[PDB]
């Protein structure tokens, strides 16, 4: 694993220096978002040194060191390609196919060999970013990047705690007393998300993030195909909650399509779990079907807690869209299909908040029926 080590050590050293030093130049500019005619020397070094190290890896050909080893390597290749994209060394709408031949072949080889997208994925920097003596992979040494990544990690892990609790209710049923504890575990995990997102909101520098962090999550070509950038939402957890709570519907083209466009962007194990939720029942419909149990102790106790969980999830979606996406994407973007991705994100936030709409299906009425169901039972 000499060649593999050599590339990783490069990613954890010079790679960070080159990008950092390059970000310094971009920030000094007046445009700040411009990359043309700047750091031309640093770009050649980053491209050159990375390619050689990658080329050494591409020579070894087929290797089977296990999923973790392969995924880690693919991450470095993706981190490398992502940087080249940020610095305009490679640009999709400018090419017909990727100019980074070696890296593309290697990335497409590993990705297809382990069932993941042939590029940098969220897990590469968050849940599966191995730290060496305290430092883990990063594009730059900027404090704002670390804040973004760490809080995405905290957020993601909090959602996993919430989806795991929800999945354990399935075998017990909504009337099970133990389901009341899982429901509370779920509630706490979702609150950890609200808190996690708040801290990020109160510490991340809006400007530094939009000009020095975000530009590394851009779409770029791998081979001839264009692959979009990773999202902090690329993991089963969040969608597992949507389906299990019944807030979203797999039978709707809009939602299933979204799942399809993200499967390869998460771990194989997360894909398996997500797909399975698409053919399992949900708690919403369960409670709705238990109308003749309205005067049951477990019903009032569990429905009450359930409804609270549905609200927290919707709260977390409003917090994300209304606050996070708003303060670091929409605003800085108006100053410097954007209105399209914003509109999709809205239907998503409203789908979780269960608001009233006529253009899309929502649980507003179902949730209201259940809320008004708890009224009749407190007697």
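Numbering follows the first chain given and starts at 1.
- According to the PDB entry, the deposited sequence contains 10 or more residues between residue 336 and residue 337 that lack coordinates.
- Averaged over CA atoms, B-factors in the entry run higher in 283-291 than in the other of 283-291 and 117-125.
- Look at the C-alpha B-factors of 204-212 and of 239-247. On average they run higher in 204-212.
- Residue 297: CA B factor lies in the highest third for its chain, per the PDB record.
- Among all modelled residues in this chain, the alpha-carbon of residue 94 has a temperature factor (C-alpha) in the highest third.
- Among all modelled residues in its chain, residue 25 ranks in the highest third by Cα B-factor.
- Remark: residue 199 belongs to the highest third of its chain, ranked by C-alpha B-factor as recorded.
- Compared with the other modelled residues of the chain, the Cα B-factor recorded for residue 342 ranks in the highest third.
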